[PDB]
Every structure is written in C-alpha cells, then in structure tokens.
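Single chain ahead, written as structure tokens, the form deposited in one PDB entry.
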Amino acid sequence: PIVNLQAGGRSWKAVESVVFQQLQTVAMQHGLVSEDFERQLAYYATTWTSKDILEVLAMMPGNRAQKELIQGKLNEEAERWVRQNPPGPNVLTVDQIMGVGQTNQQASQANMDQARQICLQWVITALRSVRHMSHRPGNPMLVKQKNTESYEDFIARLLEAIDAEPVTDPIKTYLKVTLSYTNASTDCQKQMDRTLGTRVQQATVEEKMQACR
C-alpha cells in the first residue's frame, strides 16, 4: 500500500495484515478465481503498488495450476498491452507495470500509479477469463427447475449463469428475462401464462418473480 507522506513525498507500507487475512479467507472459501475474491481484491488494491498486486495474489491460497492459468492469462494481457500500446519514449513497459526491479518506494511512486492501475486491471480480466474456462458453454440454457426447484432458487441459479457469461449489458438483459419463463416448471409457467397472458412472457424478471413463490 502506498502511503502519502504529510511532506507530500510518497512511501510504501506492507499490506495491512487485517486486509490480507480478509482477502485470503475469501480466496480459501470461494476460490482465488471466484467473483467474491475479485470484488474484495479490487476495492482494497486501490492503494496497493504494482508489486503488492502480484505478491499478495501469489500468497493467496489456490490450486497450483490455477496460478499458472492466472499468470498465463496475465501474460496474455501483457502481450496485448504491448501490441495495443507500441513501444514509446515515456510509454510504460510490461516490466514497469508488473513491478519488475523496482524497490517498494520506487514502485509506490506517482509514475507507478498508472502502472499499479494498469496491473490490477489485467489480473481481474485474467480471473474472469480463468473463471470462464471453468464455465462450460450454454450454462444458462441447460439450467432449469429440475424437481420443481423454488422459482426464487431457479432464478438465483439463472442469474449466476448469466453473470458467469461475459455477454454485454444489452444481451445480459435479454437472457435473464427470456430464460426465466422458458426454463420454468410447467406448474408455475402455465399458471402465470394464463394469469398475465402475453405480458408474463413479455417481461419475466420482476412481475413473474413475485407471482411464482
């Protein structure tokens, strides 16, 4: 974590042992590629140096292969960054962004603020990508209410499946509303279909949600 000195100079601080242990238990119960770890790491890594965004991630508990997969995806982000940003006189280098050969004080500098911001972004994209590798194709379509599962529970699973997929907002909204009625059990889809006629199939996320419960 960068510390802003009262003099205005900037020095470094070891990650607060409270925050580190906080992220670890969220990477030990949910996983280091799980969204819960991704959400907590991004909020607390705002002050983290490019050096502390990589070292802490490595220390976090996870399967050895997953760290290979994450650094593998992370290397994919770096090569992409070099291609999108051609070598330039003051342009950052993958090493500068990956905190290579920098003392913590030099990696906590303002010039490494862009570097720390760029680094954290690559890790989140890789984890979303490592997470996508776990997801099989068409998870939402396969999900249904087997054994007449609670309409609430079924919608929770369907929401997880759309959230799993990286489809963009305009298409994320299409899927949630469309799949909820289609994959619903005949008992409540049928009663709602008569209850709200065409409209229930029209909009299903909220109006259909309250009716089935």
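Start at 1 and count along the sequence shown; that's the residue number. Basically, rigid core = biggest C-alpha set you can superpose within 1.5 Å across the two forms.
As for the form deposited in another entry, it is not shown, yet the points below apply to it.
- Of the residues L69, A45, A27, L159, exactly one exceeds or equals a 2 Å C-alpha shift between this form and the one not shown once the rigid core is aligned, and that residue is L159.
- Once the rigid core is used as the reference frame, the Cα position of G99 differs between this form and the one not shown by less than 2 Å.
- Once both forms are fitted on their rigid core, the CA atom of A184 lies 2 Å or more apart between this form and the one not shown.
- The rigid-core alignment places the CA of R131 less than 2 Å apart between this form and the one not shown.
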